[PDB]
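Working notes, beginning with the structure itself.
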Amino acid sequence: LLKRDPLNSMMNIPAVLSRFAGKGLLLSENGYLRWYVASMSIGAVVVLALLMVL
Amino acid sequence: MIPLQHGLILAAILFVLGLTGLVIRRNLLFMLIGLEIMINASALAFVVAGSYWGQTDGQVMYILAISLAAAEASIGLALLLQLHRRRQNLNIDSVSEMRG
Amino acid sequence: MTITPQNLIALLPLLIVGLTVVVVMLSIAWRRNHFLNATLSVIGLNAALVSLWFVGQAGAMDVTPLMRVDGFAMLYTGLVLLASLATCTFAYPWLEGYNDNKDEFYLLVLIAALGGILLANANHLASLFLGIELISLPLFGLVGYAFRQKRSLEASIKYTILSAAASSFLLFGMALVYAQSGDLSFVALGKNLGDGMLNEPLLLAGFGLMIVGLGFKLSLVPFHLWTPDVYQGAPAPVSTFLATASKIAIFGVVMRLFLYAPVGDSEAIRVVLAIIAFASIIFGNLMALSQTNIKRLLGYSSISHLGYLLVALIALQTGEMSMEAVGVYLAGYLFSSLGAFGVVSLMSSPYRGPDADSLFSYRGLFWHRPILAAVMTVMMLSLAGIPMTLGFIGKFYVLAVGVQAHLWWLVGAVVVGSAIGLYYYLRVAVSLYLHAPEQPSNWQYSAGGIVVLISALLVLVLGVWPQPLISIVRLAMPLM
Amino acid sequence: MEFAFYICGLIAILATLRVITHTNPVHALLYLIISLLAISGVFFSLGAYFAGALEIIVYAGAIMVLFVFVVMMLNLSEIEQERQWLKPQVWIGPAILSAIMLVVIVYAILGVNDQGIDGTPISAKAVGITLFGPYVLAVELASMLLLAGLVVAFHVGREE
Amino acid sequence: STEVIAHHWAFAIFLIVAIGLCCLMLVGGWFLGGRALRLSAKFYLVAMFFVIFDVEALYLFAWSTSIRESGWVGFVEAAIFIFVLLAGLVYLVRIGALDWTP
Ligand SMILES: CCCCCCCCCCCCCCCCCC(=O)OC[C@H](COP(=O)(O)OCCN)OC(=O)CCCCCCCCCCCCCCCCC
Ligand SMILES: CCCCCCCCCCCCCCCCCCCC
Ligand SMILES: CCCCCCCCCCCCCCCCCCCC
């Protein structure tokens, strides 16, 4: 049961999570200029709302 | 007896209208038009702020704003001319090759 | 106010770079000579760099209601001038293969360096705005200098549109800030507020819009999506300048703004900047995990390193060594990025036509370019924060500043992002030292090689012995 | 002076709304010129006489002239045959985002101290005094910025 | 004041009567009477040069109305501004940017 070294895989789980998160984040880099402007305006909305709340 | 709030509200309305025109339009010419609207709205906001405080600083910043606006309009229209010369269309979604 | 001759002495790099712009202009008007115009540009930049000594002997005080010249401004002017000189040195062999006019490149580099000096000496919202535009618009020209190439034109269009949008956002922010405070000087932003009413809604909104513009300019999340595309599409010396000098000057003027403005101590702005720094570090490291191309990898690297810088900036009001940390980190980041982008520029030079690919192919570089591979792997170890390198000294400074101010979320972010950076930087290094299936001769190419070699030597020497850099950064202390 | 300010602001808002929703580029530029004239009227109502004069002279007399020149150059072409921006699946999202940002900015505006803009006319003499006084380097480096834009636009906008 | 509001009303009446005159002229013209290529980039270049030098002209417009109040140092500053303007103009002439002929 232990010959696959389960603790090694459990500690390799963060590497898999980092790979999945990087692949998910790279979907934002689609290369569309209109999406870049939209993301800048979305970030402006988020920054303004966070400053208004706090 | 003209409120500063009303002038800033008008400038904000024009700014978000220019931003909406910049986002929703795929034509690069309308994107440049929207950019001109946003920078003119920011310059109007500076003029309103300078007129509220009775200072010439708002008009000085307006002058700097329109110097920037003229120069970026020139650069953006040259880029638009090159894009129309080498692509024969102004669809900004077509130029999306580098990604990821 | 009036301008004294001592004020003109304190404005010596500005006047020298502007006179160099005029002289290079008239030399191009006389006769298009690539070598003579490049020589005049580098002579003017070196003259400004050595006139920094006369600026230091002048003193530290207020040249304008707009500029304040202090040791901070001297250090940032020196970093900007060094980056511009390295950009010209890398640009000459790349422009040797350029078939259109080559002389406009150095004029644009000179105007961008002038904007960097403006941002270094800026003490006013007008100066901040004009310095940002004076940096960005020559960058509009330089990013699409090879506009016949499809990727360079695409990067120019993206950078121009997004930077005009960010300039409008920033300008609206200064408009709201001026409507609140009534003064455009840095020291008078939120000065009229009192009794714990520092979080004025209009002032916070204007500072938020300025944060949007500057966070575009600093490649901070979520205004970061332009960075790998513009870095990849631009020419490699342009990518060198855009990675080093623009980031350094804009972060220096942001440091001045948050140091001088009483509203820089606001809790809400601090939390917003902490969120931006956390997301910037994590996102910039995560997106560079699977990047085959070196330019996009360096763009995500720039995002993460600016996140570390932002972490150092958040503790500006808490620790007095935050300016020390920012200066040491920026010197290390400047030299590492100069080395990496100079290796890319030297292996991308001369410009092999607009219709051909500009792919790097760093695999097996040691077996035909051993010194370039050694410099490039030194820079990749330096950007990872590995000891014996100056990037480690900067990251140690960032960690010390975060620990002193109890920014534990940011400290954990730096550790996690450092591990992810270790992965992809070591991947680049071993790919350099692997084997490749398949795949100069002038003194300017050798000059670029010398520049990247002294950059690597500086990184190693100041990694094992950083105390001279610490002393020269401690000498760069501003007005209180 | 109040009535002129409000009617010019209303005309500018309506003209900008017609600009960002139109199809014909020349018509959009014409409503943009109308909006610039309206914002110049706003400037004149607030006592910023030099700013309104430059708004008609430079913004509505040079920059939009350049836009009109480029539009005539293009002879504008798969634009009116698409009309994609008026389909709601394209424009509802960004309109919602802009409305949210406008609401946040307006809420920040409404919480400020207002003594009212008196509209005292600020002449171009005072603007020229402060332009070559406290803002010397602004003028010089703005000349350099215009030079940078000139060089960049000449380098890009050629034909060879 | 009464004089300034009289001048404001005179200017308003001037504008309204001029607009009404030309509109009524066009209306009378319409009513009366029975019924029965790729341009060269030099246009963009000259318009762009006009825009840039018109902004520089606006800076000189602001300077010219307050020359006495600026003193000799204002003259030196504007001389530097005009020298940079003329260096840019010489640069444009010498590279054939302002030469319409080839
Ligand atoms: C994935 C890897 C990265 C992991 C994340 C990065 C590190 C996270 C560290 C979290 C620290 C949480 C601290 C919680 C309490 C903070 C507020 C407080 O009460 O602080 C106490 C004290 C300040 O109050 P003072 O009056 O100065 O008292 C002097 C104390 N002798 O505070 C002090 O004097 C200084 C307190 C310092 C506490 C230790 C910080 C570093 C500890 C080692 C690393 C974290 C633990 C090991 C790894 C965990 C799992 C990853
Ligand atoms: C830790 C700080 C940096 C230390 C130096 C890093 C390496 C720099 C380059 C030195 C020369 C490398 C030579 C490698 C030869 C590999 C041969 C492999 C044969 C299979
Ligand atoms: C072919 C590719 C086209 C890409 C077009 C991208 C358009 C982006 C539009 C974004 C709309 C956002 C709407 C609001 C979202 C919720 C509010 C912001 C987040 C809290």
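Rule-based calculations on the coordinates, nothing more; no lab input. FYI the Cβ positions are ideal-geometry reconstructions off the backbone, even for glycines, and counts take in every protein chain you see.
Going through C:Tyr329, C:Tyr351, C:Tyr300, C:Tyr362 one at a time, which residue ends up being more than 27 Å from C:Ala268 (Cβ to Cβ), in contact with a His (Cβ under 9 Å, 6 or more places away or on another chain) and not β-branched (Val, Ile, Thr)?
C:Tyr300
Could you pull out the residue among D:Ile63, D:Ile33, D:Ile39 that is within 16 Å of the chain's Cα centre (by Cα), more than 26 Å from C:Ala179 (Cα to Cα), of a type in the set (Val, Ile, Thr) and buried (at least 23 other Cβ atoms within 10 Å of the Cβ)?
Of D:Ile63, D:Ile33, D:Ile39, the one residue that is within 16 Å of the chain's Cα centre (by Cα), more than 26 Å from C:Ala179 (Cα to Cα), of a type in the set (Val, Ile, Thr) and buried (at least 23 other Cβ atoms within 10 Å of the Cβ) is D:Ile63.
Within segment A:39-54, identify whether any single residue is away from ligand 3 (no atom under 16 Å from the Cβ) and more than 19 Å from C:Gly421 (Cβ to Cβ), and answer yes or no.
Taking every residue of segment A:39-54 in turn, at least one turns out to be away from ligand 3 (no atom under 16 Å from the Cβ) and more than 19 Å from C:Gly421 (Cβ to Cβ).
Looking at D:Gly47, is it surrounded by 17 or more Cβ atoms within 10 Å (Cβ to Cβ) and on the phi > 0 side of the Ramachandran plot?
The answer is yes for D:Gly47.
Could you tell me which numbered condition C:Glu154 fails, if it satisfies all but one of (1) in contact with a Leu (Cβ under 8 Å, 6 or more places away or on another chain); (2) in a helix (DSSP H, G or I); (3) at the interface with another protein chain (Cβ under 8 Å from one of its Cβ atoms)?
(1)
Give, as residue ranges, the helices (runs of 4 or more DSSP H) completely inside segment C:1-97 that count at least 2 residues that are closer than 25 Å to C:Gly339 by Cβ.
C:12-30, C:34-58, C:71-95
Looking at (1) away from ligand 2 (no atom under 16 Å from the Cβ); (2) over 30 Å from C:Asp70 (Cβ atoms), find the lone condition where C:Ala456 falls short.
So the condition that C:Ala456 fails would be (1).
Looking at (1) more than 14 Å from ligand 1 (Cβ to nearest atom); (2) under 24 Å from the mean Cα position of the chain (by Cα), can you tell me which one C:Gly364 breaks?
(2)
Quick check on this structure: which one of C:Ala279, C:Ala245 is more than 9 Å from every other protein chain (Cβ to nearest Cβ) and surrounded by fewer than 24 Cβ atoms within 10 Å (Cβ to Cβ)?
C:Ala279
Can you report the number of residues in segment A:14-54 which are basic (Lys, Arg) and within 16 Å of ligand 1 (Cβ to nearest atom)?
Residues that pass the stated criteria total 0.
So how many residues does segment C:23-54 have that are of a type in the set (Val, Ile, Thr) and within 22 Å of the chain's Cα centre (by Cα)?
Total meeting the criteria: 3.
Check segment C:369-378 and report whether any residue there is away from ligand 2 (no atom under 13 Å from the Cβ) and on the phi < 0 side of the Ramachandran plot.
Within segment C:369-378 (the criterion being away from ligand 2 (no atom under 13 Å from the Cβ) and on the phi < 0 side of the Ramachandran plot), the answer is no, since none of the residues qualifies.
Taking segment E:38-48, which residues are part of a helix (DSSP H, G or I) and within 7 Å of chain D (Cβ to nearest Cβ)?
E:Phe43, E:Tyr44, E:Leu45, E:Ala47, E:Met48
What are the residues in segment A:3-12 that are assigned to a helix (DSSP H, G or I) and over 18 Å from C:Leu422 (Cβ atoms), if any?
Result: A:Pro6, A:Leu7, A:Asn8, A:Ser9, A:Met10.
Of all the residues that make up segment C:184-228, how many are away from chain D (no Cβ under 11 Å) and surrounded by 19 or more Cβ atoms within 10 Å (Cβ to Cβ)?
21
May I ask you to say which residue of C:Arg31, C:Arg68 is of a type in the set (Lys, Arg) and either away from chain E (no Cβ under 14 Å) or in contact with a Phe, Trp or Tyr (Cβ under 8 Å, 6 or more places away or on another chain) (or both)?
Every option except C:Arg68 fails the conditions.
Kindly evaluate C:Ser358 against the criterion of being within 14 Å of chain B (Cβ to nearest Cβ) and either small (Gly, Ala, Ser) or within 11 Å of ligand 2 (Cβ to nearest atom) (or both).
Criteria met by C:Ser358.
Taking the conditions exactly as written (more than 16 Å from ligand 2 (Cβ to nearest atom), within 13 Å of chain C (Cβ to nearest Cβ), under 24 Å from the mean Cα position of the chain (by Cα) and surrounded by fewer than 19 Cβ atoms within 10 Å (Cβ to Cβ)), does D:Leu146 satisfy them or not?
no
Would you call E:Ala87 of a type in the set (A, V, I, L, M, F, W, C), under 29 Å from C:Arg32 (Cβ atoms), surrounded by 10 or more Cβ atoms within 10 Å (Cβ to Cβ) and under 26 Å from the mean Cα position of the chain (by Cα)?
Yes, satisfied.
Select from segment C:383-428 the residues that are within 16 Å of ligand 2 (Cβ to nearest atom), within 14 Å of chain A (Cβ to nearest Cβ) and either farther than 18 Å from C:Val343 by Cβ or among the small types (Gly, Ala, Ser) (or both) and list them in ascending order.
Within segment C:383-428, C:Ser418, C:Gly421, C:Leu422 meet the criteria.
Residue by residue, here is whether (1) more than 27 Å from D:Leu102 (Cα to Cα); (2) away from ligand 2 (no atom under 16 Å from the Cβ); (3) of a type in the set (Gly, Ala, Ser); (4) in contact with a strand residue (DSSP E or B) (Cβ under 9 Å, 6 or more places away or on another chain) holds:
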position	(1), (2), (3), (4)
A:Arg4	yes, yes, no, no
A:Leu7	yes, yes, no, no
A:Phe20	yes, yes, no, no
A:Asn30	yes, yes, no, no
A:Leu33	no, yes, no, no
A:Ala38	no, yes, yes, no
A:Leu50	no, yes, no, no
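Please specify each residue of segment A:23-37 satisfying the condition of being among the hydrophobic types (A, V, I, L, M, F, W, C) and under 18 Å from the mean Cα position of the chain (by Cα).
A:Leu25, A:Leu26, A:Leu27, A:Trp35
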